[PDB]
Each structure stands twice: as structure tokens, then as C-alpha cells.
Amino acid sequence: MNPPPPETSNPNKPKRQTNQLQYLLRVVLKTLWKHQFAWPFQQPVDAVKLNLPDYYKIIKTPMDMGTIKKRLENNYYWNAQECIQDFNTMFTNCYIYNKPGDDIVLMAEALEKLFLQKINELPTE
């Protein structure tokens, strides 16, 4: 069964726009989105659809690139590091829920490498 997806707005949280956050949307997220292995990560895990009734019994901090994209579009984050943490949570969730060598894990491994390549150098303020 599915919990509510992670919030993409929160009026009690302050918003911010920075050059680095703009880059995380325009270049990092939007390039990863087009990778051949991006599709499992473009929306919250639908445990009912995918017949993964254990998914949210295991994964307590779910995250995906659809949520990240909406957060970036909504200026939800304070800084680039907060957004980067959401990407890292997404990848770690995949490693936690699965096991080494699974096709889904090979996909996450490739995307994580591309992600790190792209965030190695960010624009300055």
C-alpha cells in the first residue's frame, strides 16, 4: 500500500533560489532524466502497481527525481546541498531495498556515477 508521497511544498519552510540550485534543475536533473536508466526513478515507487508490498516497510525516507524536480521548480530547497542529499537518499534507498548485481541496482549505479560527474563542479555565487 502507498504512503503519501514526499512533500513538494511546505509554507513553514523558507524558500531560496541560488545559481547552484538553478544548475541542479537545468543541467543535473534534466540531463539525468533523459538517461536510458532514469525511468525507475522518475516518480515515487508505486508499491501497489509494482507489487512491492514490502517497499515502504523497508524504505522510510523515500525519494525520487519527480519529487526532486518539483521541489526545484517550487524553490523548496534552501541550498544545493539539501537537493544533493535528496539524490543521495534516492540512490541509497535503491541499494537498501535491493541487493548487489540486481538490474535495478546496476541502473542506480550508472545514474549515481553520472550524477557525481555533474555535481563535481557547480557554478559559483
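Don't overthink the numbering: it's just position in the shown sequence, from 1.
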*Looking at the deposited entry, does 45-53 or 63-71 carry the larger mean Cα B-factor?*
45-53
_Among 28, 58, 84, 90 - the residue whose C-alpha B-factor is largest in the record_ = 58
_When the deposited Cα B-factors of this chain's modelled residues are ordered and cut into thirds, is residue 116 in the lowest, the middle or the highest one?_
middle
*Please place residue 96 in the lowest, middle or highest third of its chain by C-alpha B factor as given in the entry.*
highest
*Taking the C-alpha B-factors as the PDB entry records them, is residue 110 in the lowest, middle or highest third of its chain?*
highest
